[PDB]
Amino acid sequence: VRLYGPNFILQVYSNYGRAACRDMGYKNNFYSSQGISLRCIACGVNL
Amino acid sequence: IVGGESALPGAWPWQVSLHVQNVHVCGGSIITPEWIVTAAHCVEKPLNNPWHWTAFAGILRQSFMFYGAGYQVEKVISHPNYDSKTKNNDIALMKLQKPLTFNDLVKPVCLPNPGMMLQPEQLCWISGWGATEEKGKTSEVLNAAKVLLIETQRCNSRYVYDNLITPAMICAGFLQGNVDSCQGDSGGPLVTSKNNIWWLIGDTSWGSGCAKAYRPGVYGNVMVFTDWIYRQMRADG
Amino acid sequence: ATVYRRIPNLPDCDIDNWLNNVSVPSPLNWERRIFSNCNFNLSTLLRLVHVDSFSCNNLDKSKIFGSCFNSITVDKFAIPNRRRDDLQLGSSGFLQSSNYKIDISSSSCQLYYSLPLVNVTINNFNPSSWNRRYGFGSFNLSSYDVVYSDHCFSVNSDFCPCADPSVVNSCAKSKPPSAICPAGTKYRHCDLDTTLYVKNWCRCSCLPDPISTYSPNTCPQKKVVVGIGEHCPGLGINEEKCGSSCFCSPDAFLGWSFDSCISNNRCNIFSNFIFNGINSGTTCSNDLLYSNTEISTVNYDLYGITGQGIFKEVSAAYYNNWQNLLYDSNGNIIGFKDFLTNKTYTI
Amino acid sequence: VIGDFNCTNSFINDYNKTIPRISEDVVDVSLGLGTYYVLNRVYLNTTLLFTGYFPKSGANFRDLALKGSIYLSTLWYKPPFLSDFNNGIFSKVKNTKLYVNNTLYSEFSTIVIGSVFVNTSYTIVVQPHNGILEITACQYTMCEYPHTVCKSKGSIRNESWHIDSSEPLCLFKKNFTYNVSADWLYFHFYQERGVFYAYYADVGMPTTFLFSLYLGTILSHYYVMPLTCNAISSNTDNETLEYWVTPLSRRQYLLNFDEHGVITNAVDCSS
Ligand SMILES: *[C@@H]1O[C@H](CO)[C@@H](O[C@@H]2O[C@H](CO)[C@@H](O[C@@H]3O[C@H](CO)[C@@H](O)[C@H](O[C@H]4O[C@H](CO)[C@@H](O)[C@H](O)[C@@H]4O)[C@@H]3O)[C@H](O)[C@H]2NC(C)=O)[C@H](O)[C@H]1NC(C)=O
Ligand SMILES: *[C@@H]1O[C@H](CO)[C@@H](O[C@@H]2O[C@H](CO)[C@@H](O[C@@H]3O[C@H](CO)[C@@H](O)[C@H](O)[C@@H]3O)[C@H](O)[C@H]2NC(C)=O)[C@H](O)[C@H]1NC(C)=O
Ligand SMILES: *[C@@H]1O[C@H](CO)[C@@H](O[C@@H]2O[C@H](CO)[C@@H](O[C@@H]3O[C@H](CO)[C@@H](O)[C@H](O)[C@@H]3O)[C@H](O)[C@H]2NC(C)=O)[C@H](O)[C@H]1NC(C)=O
Ligand SMILES: *[C@@H]1O[C@H](CO)[C@@H](O[C@@H]2O[C@H](CO)[C@@H](O)[C@H](O)[C@H]2NC(C)=O)[C@H](O)[C@H]1NC(C)=O
Ligand SMILES: *[C@@H]1O[C@H](CO)[C@@H](O[C@@H]2O[C@H](CO)[C@@H](O)[C@H](O)[C@H]2NC(C)=O)[C@H](O)[C@H]1NC(C)=O
Ligand SMILES: *[C@@H]1O[C@H](CO)[C@@H](O[C@@H]2O[C@H](CO)[C@@H](O)[C@H](O)[C@H]2NC(C)=O)[C@H](O)[C@H]1NC(C)=O
Ligand SMILES: *[C@@H]1O[C@H](CO)[C@@H](O[C@@H]2O[C@H](CO)[C@@H](O)[C@H](O)[C@H]2NC(C)=O)[C@H](O)[C@H]1NC(C)=O
Ligand SMILES: *[C@@H]1O[C@H](CO)[C@@H](O[C@@H]2O[C@H](CO)[C@@H](O)[C@H](O)[C@H]2NC(C)=O)[C@H](O)[C@H]1NC(C)=O
Ligand SMILES: CO[C@]1(C(=O)O)C[C@H](O)[C@@H](NC(C)=O)[C@H]([C@H](O)[C@H](O)COC(C)=O)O1
Ligand SMILES: *[C@@H]1O[C@H](CO)[C@@H](O)[C@H](O)[C@H]1NC(C)=O
Ligand SMILES: *[C@@H]1O[C@H](CO)[C@@H](O)[C@H](O)[C@H]1NC(C)=O
Ligand SMILES: *[C@@H]1O[C@H](CO)[C@@H](O)[C@H](O)[C@H]1NC(C)=O
Ligand SMILES: *[C@@H]1O[C@H](CO)[C@@H](O)[C@H](O)[C@H]1NC(C)=O
Ligand SMILES: *[C@@H]1O[C@H](CO)[C@@H](O)[C@H](O)[C@H]1NC(C)=O
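The listed protein sequences derive, respectively, from chains C, T, B and A. According to the entry's author numbering, the stretch in the first sequence is residues 149 to 162, 179 to 200, 238 to 248, in order. Count along the second sequence from 1, then add 255; that gives the number in the entry's author numbering. According to the entry's author numbering, the stretch in the third sequence is residues 315 to 557, 563 to 616, 620 to 669, in order. Count along the fourth sequence from 1, then add 13; that gives the number in the entry's author numbering.
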């Protein structure tokens, strides 16, 4: 539900992938995941 | 933008200029290719009927189209608890009728997640199409500058603003002046660098002139409104 | 075995009389006196003054005895007990930054001496011109207390800690006091501005104080560091407490502190000797030629006459005020008079 | 024209009728007038044949005293007033006594001896201060038109004979005292082999040794600067300024000393 820290960590008050971000905001365009991480959309581009 | 320089066509693809009656009025930022973040004081009651709105992207010099080559805004959502007297909770959202497929010079910026732990005197950047020195005209090219973030305790001093900065707003700039944003830089992306990714933390709301001492810039704190944006995006679908 | 007597052509310097003076200036004053065309004796000077420490820089004490200089300048001031460590050769302390700067690229000697607390007074005078122009009086401190500055400021001739009262009438928040500024000086820069709904909000410069200000580039009072041989141009003035004529309150002056100078029931004073030109001039030392000065009843150099002989204690009354040698018709010398002991000898 | 500094040009004109006078008296060394004691030597019951610098017996003096009220003449700073210092001079000075509220003041003119009178060379100045003689040998920056101001009754001008912000380099500096109630004063100045000698006396008697100084250079010119006084003329009180000068030459004399070393009589070997 929530997300904490600069790195992406799934938290609520303390696999699915696209389905996870689906009913959590952005309903499409899932980018990737990691381990410890939900990366819904891509960000951080600079020349 | 005063004291800055014209930004080269690099990679800052999160600035969208809104045009009503074929003239630039306010800017904005994109987070997803279905929504644009902007200030609410420029979308007041006279600015209703979102059909009279168009958006541009990937355009540095403000002469590339006229009554065409733009995106029509479908609906505009503003913050319900907005007060025009004290200028509190000044954030508005606009939805585009086009999918806005990603290409070169087109890439959004992520919303700030709770728990960023930002430094007090952190480094940030501002961008927009405003005046040059004072009460001038609209800048033809896209310019930008570097600003610092000042704390709320020092911003609410008797000699700066005298307790007029609500917890929903943040102060950024220089107390000496010479670097600020003038009229026309509504919305505007206030981004910072952390973990090799840019985060949008501010939103130009108001201010007392530009490039003047003891008068810094006031920006909307999107950290408080992060949940409202998610709620609106969830209720839209 | 060498008797050397000669009448000097120049008077004595009398440095001890100026060092042991009853008036001791504060570090903000540091009075200066230049000694030239005179003779001095370092041993007598160090004996008649209660010396605690004496060191030299870029010069040795051995070459002082018997050397001639063009001029000698001496600077003196009392030492606060707090800032005694700031007087070292090279230090970013309050004293060497605001009151007195010690030059490192010159031949100088530092002297620390003491003076009895009886019949001694400390003069605390502000040498600032623009401070006394707007109503600065005295510090009004207790006895045996010296004043030193930690932040010194400088302003142009066009300066006035005062606003034009005609403009200040249209103010509601932070209305500064105003008065009539003398002609030839601009008024305090204040402007009327509205933030969101406050119509009468007047903003001025130098806030909150010139010492800790948010915009140093907009305040006319600017910080400065004293140079070689310069006093502090002036202290900071709180423009919010100034203002008929613009008369600032005595409590509106910031950037000064004080401390006692009593150590072992005595007052400590700093002294700096600067020697201008070596191996030249007419300011020489008498230490080498006055080593013994005792005639045992032997080569003699008596008033330019050289030779050898003997001496005896005789009673002679034929010597006038200008006469010192006794000659015979043949052209030889058979006696002389000593101008140091008033005794006559026969050769 | 003595110096090269422009210090004052308030009242400067070209006077035409200032000529020095020649005295009616002559030099008489029989009783000892015109002779000087040795530097610091004492002679008892002796007859000394001394070869020194003495004036000629029977020579006449000339007055070089200048007194002005408001205006100063440019011809007063040119010859014959700017004379040559070949070997030495013997000066006969008159002590002018002025009364202000029944008290006595002593005033007379001052003399300057030098070479070019610039701050690159040394000059000798002898100035009296109400009974105190001030003798200094410094690198003074002399002015073009120097003068002395009366301090007893004041004057219309200000004292200006040298302009120096700082203290110049001096080789000699000492103060001497004389008798205020005296009538005539006598001085002896001469030089040999780069050494300068000076003598003085307040009574009628052989002169008294003052000092000696080694310079290394040759002194060529001497000048007696004018004195600006308020009331010294035949209008308020009949007083005058006199400064008689006679040249000195290397002669041979015979001096007789008594039991107490006092000169009794002197005979010039050349009649
Ligand atoms: C040692 O002696 C030398 C030789 O006398 C002396 O040098 C002289 O210094 C004075 C003072 O600086 C010079 O006088 C100046 O001359 C110029 C022309 O060259 C004038 O323009 C100057 O006039 C200005 O200053 C006046 C005030 O003094 C103003 O009233 C006036 O309006 C001008 O602004 C001034 O008269 C003089 O020229 C030199 N002489 C030479 C040959 O260069 C030197 O100063 C002496 N040293 C010491 C330490 O006394
Ligand atoms: C020697 O020095 C004096 C100064 O001590 C010089 O006198 C000055 O001369 C100038 C030029 O003549 C004077 O200027 C003039 O002033 C009058 C008003 O007084 C004005 O009407 C003229 O147009 C001009 O400006 C100056 O005032 C005067 N100063 C004094 C106090 O006399 C003198 O010229 C020098 N002589 C030289 C060159 O040796
Ligand atoms: C020989 O005697 C004369 C006369 O007594 C001495 O002259 C005096 O010297 C002092 C010391 O400089 C002078 O005092 C100073 O006066 C100036 C003003 O001219 C003042 O600004 C200083 O602060 C200081 O008070 C004094 O005026 C002066 N008197 C006269 C009549 O000229 C001289 O010093 C003696 N020589 C020696 C070697 O002692
Ligand atoms: C001791 O200090 C006093 C006070 O500073 C000196 O008196 C001053 O002397 C200077 C030197 O000429 C004068 O200009 C001042 O006018 C004097 N002021 C007062 C109030 O008299 C005094 O000369 C010093 N003593 C010595 C021996 O230097
Ligand atoms: C001038 O300085 C010399 C150098 O020190 C003094 O000579 C010394 O005098 C003290 C006593 O005053 C003696 O105890 C020393 O032994 C002397 N030194 C030598 C090397 O003999 C001299 O006294 C000073 N003159 C005056 C008048 O104080
Ligand atoms: C040597 O003798 C002379 C003359 O007797 C002394 O000079 C006198 O000193 C006293 C005391 O200071 C003064 O009151 C007199 O005015 C002086 N007279 C003269 C003519 O100068 C001198 O002090 C004696 N020297 C010593 C070392 O005792
Ligand atoms: C300065 O000169 C006067 C003038 O001669 C001296 O006064 C004479 O003093 C003697 C001795 O007492 C008297 O017999 C004379 O009558 C005095 N004459 C006059 C005119 O008063 C005076 O003594 C001299 N000064 C000194 C110190 O000897
Ligand atoms: C200086 O001496 C002369 C000559 O004796 C005085 O001139 C005489 O003054 C009186 C008084 O005014 C007159 O009656 C005479 O006629 C004057 N004589 C001549 C020849 O003019 C002169 O007064 C004296 N000076 C002073 C100041 O009294
Ligand atoms: C009594 O006249 C004085 C004086 O007033 O005290 C005395 C004296 O007659 C004379 N001074 C000189 C050196 O010649 C002097 C001049 O003869 C005049 O004063 C004129 O002087 C000039 C420079 O014009 O006048
Ligand atoms: C001042 O105090 C010193 C130190 O004891 C003493 O020597 C001197 O005589 C005193 N002077 C006066 C005038 O009391
Ligand atoms: C100096 O301070 C004392 C102590 O506060 C006070 O009694 C006195 O009136 C003050 N004098 C002046 C002139 O300020
Ligand atoms: C001064 O005297 C000379 C010679 O008699 C004469 O040529 C000159 O004109 C005179 N000057 C005046 C101003 O009378
Ligand atoms: C002379 O005495 C009178 C009366 O006492 C006095 O008015 C005058 O000023 C005195 N003159 C001087 C020069 O002191
Ligand atoms: C002497 O000096 C005073 C003081 O400045 C001045 O008023 C006066 O004019 C001067 N006198 C002369 C003749 O320069």
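For each residue, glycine too, the CB sits at the ideal point set by N, CA and C.
Check: When the cut-off is 8 Å and only beta carbons count, does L158 of chain C lie next to chain T?; Outcome: no
Check: In terms of alpha-carbon separation, which member of B:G626, B:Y622, B:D606, B:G541 lies closest to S225 of chain A?; Outcome: B:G626
Check: Are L146 of chain A and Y191 of chain A closer than 8 Å when you measure CB to CB?; Outcome: yes
Check: Exposed or buried, what is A486 of chain B when buried is set at 16 or more other beta-carbons lying within 10 Å of its beta-carbon?; Outcome: exposed
Check: DSSP three-state call for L378 of chain T: helix, strand or coil?; Outcome: strand
Check: What does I452 of chain T reach in chain C if we use C-beta pairs closer than 7 Å?; Outcome: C244, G245
Check: Quick one, which residues of the region 473 to 492 of chain T are near chain C if we go by CB-CB under 8 Å, in chain order?; Outcome: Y485, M488, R489, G492
Check: Identify which residue in B:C586, B:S457, B:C327 has its Cα closest to the Cα of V365 of chain B.; Outcome: B:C586
Check: Taking 8 Å as the CB-CB cut-off, is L267 of chain A touching chain B?; Outcome: no
Check: Quick one, what's near ligand 3 if you take every residue whose CB is closer than 7 Å to any heavy atom, in chain order?; Outcome: B:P325, A:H142, A:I145, A:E147, A:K186, A:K187, A:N188
Check: Under three-state DSSP, which class holds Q487 of chain T?; Outcome: helix
Check: In chain order, what residues of the same chain lie with their CB nearer than 6 Å to the CB of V479 of chain T, ignoring the 5 residues before and after it?; Outcome: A423
Check: Closer than 9 Å by beta-carbon distance: list the chain B residues that pair up with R54 of chain A, in chain order.; Outcome: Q645, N646, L647, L648, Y649, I655
Check: Mark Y49 of chain A as exposed unless 16 or more other C-beta atoms lie within 10 angstroms of its C-beta, in which case mark it buried.; Outcome: buried
Check: Mind pulling the chain A residues with CB within less than 9 Å of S369 of chain B?; Outcome: The premise fails here: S369 of chain B is roughly 29 Å from chain A at the closest Cβ pair, so nothing lies under 9 Å.
Check: Chain B beta carbons: is any one of them nearer than 8 Å to that of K186 of chain A?; Outcome: yes
Check: If you count every other CB in all the chains shown that lies within 10 Å of the CB of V208 of chain A, and 16 or more means buried, which is it?; Outcome: exposed
Check: Could you tell me the alpha carbon to alpha carbon distance between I200 of chain C and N303 of chain T, rounded to whole angstroms?; Outcome: 46 Å
Check: When Cβ atoms are compared, which residues of the region 505 to 537 of chain B fall closer than 8 Å to chain T?; Outcome: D507, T508, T509, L510, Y511, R517, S519, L521, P522, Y528, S529, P530, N531, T532
Check: Should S637 of chain B be flagged as near chain A, meaning a C-beta pair shorter than 8 Å?; Outcome: no
Check: May I have the straight-line CA-CA distance separating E252 of chain A from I245 of chain A, to the nearest angstrom?; Outcome: 6 Å
Check: Within a Cβ cutoff of 6 Å, which residues of the same chain sit near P491 of chain B, ignoring the five residues on either side of it in sequence?; Outcome: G557
Check: Tell me the DSSP bridge mates of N595 of chain B?; Outcome: B:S385
Check: Per DSSP, which one or two residues make a beta bridge with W197 of chain A?; Outcome: A:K107
Check: Compute every distance between the C-beta of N171 of chain A and the non-hydrogen atoms of ligand 14, then say whether any falls below 7 Å.; Outcome: yes
Check: How many angstroms separate the CA atom of residue 495 of chain T from the CA atom of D482 of chain T?; Outcome: A query on residue 495 of chain T cannot be resolved here, the shown segment of chain T reaching from 256 to 492 and no further.
Check: Note the first and the last residue of the continuous alpha helix (DSSP H) segment covering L359 of chain B.; Outcome: 356 to 362
Check: Any Cβ of chain T within less than 8 Å of the Cβ of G153 of chain C?; Outcome: yes
Check: Under a criterion of Cβ closer than 5 Å to any non-hydrogen atom of ligand 5, which residues qualify, in chain order?; Outcome: B:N355, B:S357, B:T358, B:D606, B:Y609, B:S610
Check: Kindly say whether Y180 of chain C, judged by its beta-carbon, lies nearer than 8 Å to any beta-carbon of chain T.; Outcome: no
Check: Which residue wins for smallest C-alpha separation from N115 of chain A, given the options A:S165, A:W89, A:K69?; Outcome: A:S165
Check: Could you name the residues of the region 586 to 603 of chain B whose beta carbon sits closer than 8 Å to any beta carbon of chain A, in the order they occur along the chain?; Outcome: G600, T601
Check: Identify the contact partners of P325 of chain B in chain A, using a Cβ-Cβ distance below 7 Å as the criterion.; Outcome: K186
Check: Taking the beta carbon of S284 of chain T as the centre, do at least 16 other beta carbons fall within 10 Å, making it buried, or is it exposed?; Outcome: buried
Check: Say the cut is 7 Å; is the CB of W332 of chain B nearer than that to a heavy atom of ligand 4?; Outcome: yes
Check: Using beta carbons (cut-off 8 Å, strictly below), is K449 of chain T in contact with chain C?; Outcome: yes
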